[PDB]
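**Student:** Before I ask anything, let me first share the structure, which is written out below as structure tokens.
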Amino acid sequence: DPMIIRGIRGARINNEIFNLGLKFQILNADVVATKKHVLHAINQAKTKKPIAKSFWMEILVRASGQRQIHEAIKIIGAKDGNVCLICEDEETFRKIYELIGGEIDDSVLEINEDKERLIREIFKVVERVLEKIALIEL
Amino acid sequence: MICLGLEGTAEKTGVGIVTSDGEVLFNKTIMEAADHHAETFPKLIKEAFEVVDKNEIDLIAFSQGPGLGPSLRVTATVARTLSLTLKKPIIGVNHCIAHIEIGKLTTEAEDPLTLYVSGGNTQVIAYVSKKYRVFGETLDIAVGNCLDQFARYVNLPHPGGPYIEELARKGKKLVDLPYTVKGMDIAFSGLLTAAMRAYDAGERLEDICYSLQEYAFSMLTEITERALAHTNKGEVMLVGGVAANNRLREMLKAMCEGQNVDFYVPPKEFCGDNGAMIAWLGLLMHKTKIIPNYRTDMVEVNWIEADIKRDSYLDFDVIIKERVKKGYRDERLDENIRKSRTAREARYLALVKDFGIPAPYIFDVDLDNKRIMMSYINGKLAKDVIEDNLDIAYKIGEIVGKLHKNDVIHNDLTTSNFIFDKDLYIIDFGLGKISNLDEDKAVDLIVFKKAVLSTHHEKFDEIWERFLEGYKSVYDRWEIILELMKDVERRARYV
């Protein structure tokens, strides 16, 4: 059973979603390589010495391709516009999807012609990202 | 008919006379001092003629092979006198091969990959393709030299060897020391200074001694394993002065024990560079002057690892490099390197992309198990494809020039380190840190040159040029390190 990983267009990142029992993480869709990128970060968070003290906040730092947590949020933290929601149960997803806005849109996850300059400007062309995440521990 | 031989390449003065069948009649050896040879020879050659009648000997042999300049010409003097004052033929023999032959003659060995480790020199020799060829080789100083030099630094007695083996047996802590592999060759003078400083640092002498061997002999048995495949012999012989070393004997066995190959060591008196040693070879050759660097590979004979698993990760067919642990080496050091190299095969095969040079994508690094997940690029080794597609030699030269521009220095450059799907992906980088030093760059070049000369001597010429064709293209300071490559190549024996 895979993580409910779906992109969302039109986001309303507010106060709310977090400290109310959000047992399900969401990143910024503008700098997520593909659905693979996440699928990697979740596997990396799942099988490496916990760099973050909760699994859901680790996905953020792994996908960030950087050790630091505060700087990780600086580059891949979810923001107004478009996001990549991760959940476990279909209606636990619905709760957060209700709080933020917009349509479920998996096409905002994938790399435009636009990302492959900006994505690798801030990562220093789509699998190279995974190897930054892979070396996160050297 | 039976023959007498004279040994005088280094420090031991050896007179010895052997039969055409294979029995030693006389074998005594007394230990810049060419005078030592010029004064010992008459004494020993007297004691020889007091054991065997002069008339009945038919051949004069003298180790004209690898050795010191004045030491050789003294032996050559005594040899040239004997041959005409007896009216018996002279035969100039190669010193290294002489060690191999009385190994075969004493041990129940027949075609062995021999590790010739002595105070004077250290290298791996096995007869391949009508000549005796050297594979593994010290790039600086012999294991004997390197070990002895450390002893003298600590002010231990003049056969240092034994006492360093003694104190080693009482060590408990494996000190961190520079393990150094340059492709198939070794360097020791690094490890020597390291131990030299470790001693000044405060570490237990008992300790420093243990790890010194642990690093020396582990990197010795390491290259021997490397040869064990390329030469594919069923037997591993150990000649040379330092063949005494119980520990080196221990791990050398251990190693050959895995690949089920046999391991012999010549009975004590025939490892030390000796008279009878070279005396046998001359008459063996039966059935002209000095050459201080007798390049063994130039004789006429007339007596004729870590496993991969293919797997699929996400949406890719990949491989996983399990750095299999070796039982022969110290438990602390064993897992210490296979972590250490995994941490660089990852760090480099990745960093390599940063200056546009193909290598597999690494999806996972697992230092706990010493395994690494990298994309399976379909194997077509540059080695196998270099004949018909000579064009491949171009990019290999190119992508090395990228590295030398960025101070990234691989240390194991070989044609089997590259494959072909469309470009030339390096499927290996295990050992090779970053170094600004100009001599480094030059050393890595000759490492590959020797590698092509090793396995591709059949079509080497006009392809070390095809290497440069790419290497000249990329790196600008190319004439800078190749000119210095001449300076480090002139590290031959002292003409």
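Since chain B takes its numbers from Swiss-Prot, the residues it shows come out as 1-31, 43-298, 308-324, 344-534.
Every residue, even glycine, has its Cβ placed from backbone N, Cα and C.
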**Student:** Looking at L-threonylcarbamoyladenylate binding as recorded in Swiss-Prot, which candidate out of B:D159, B:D187 goes with B:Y127, B:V128, B:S129, B:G130, B:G131, B:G172, B:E176, B:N256?
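**Tutor:** Among the candidates, Swiss-Prot records only B:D159 at this L-threonylcarbamoyladenylate site.
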**Student:** Quick check: of B:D273, B:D284, B:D317, B:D346, which does Swiss-Prot put in the same Fe cation site as B:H106, B:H110, B:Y127?
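**Tutor:** For the Fe cation site that includes B:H106, B:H110, B:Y127, Swiss-Prot also lists B:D284.
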**Student:** Hey, which of the recorded positions B:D284, B:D451 is the loneliest by Cβ count within 10 Å?
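**Tutor:** Among the recorded positions B:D284, B:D451, the sparsest Cβ neighbourhood within 10 Å belongs to B:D451.
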**Student:** Nearest to B:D284 (Fe cation binding site) by Cα, among B:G131, B:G172, B:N256 (binding-site residues)?
**Tutor:** B:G131
**Student:** In the structure shown, which of the binding-site residues B:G131, B:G172 has the fewest other Cβ atoms within 10 Å?
**Tutor:** B:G172
**Student:** Are there any residues in the same chain, six or more apart in sequence, whose C-beta is under 8 angstroms from the C-beta of B:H106 (Fe cation binding site), and if so which?
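**Tutor:** When sequence neighbours closer than 6 are ignored, B:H106 (Fe cation binding site) has B:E7, B:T9, B:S74, B:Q75, B:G76, B:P77, B:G78, B:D284, B:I289, B:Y314 within Cβ distance under 8 Å.
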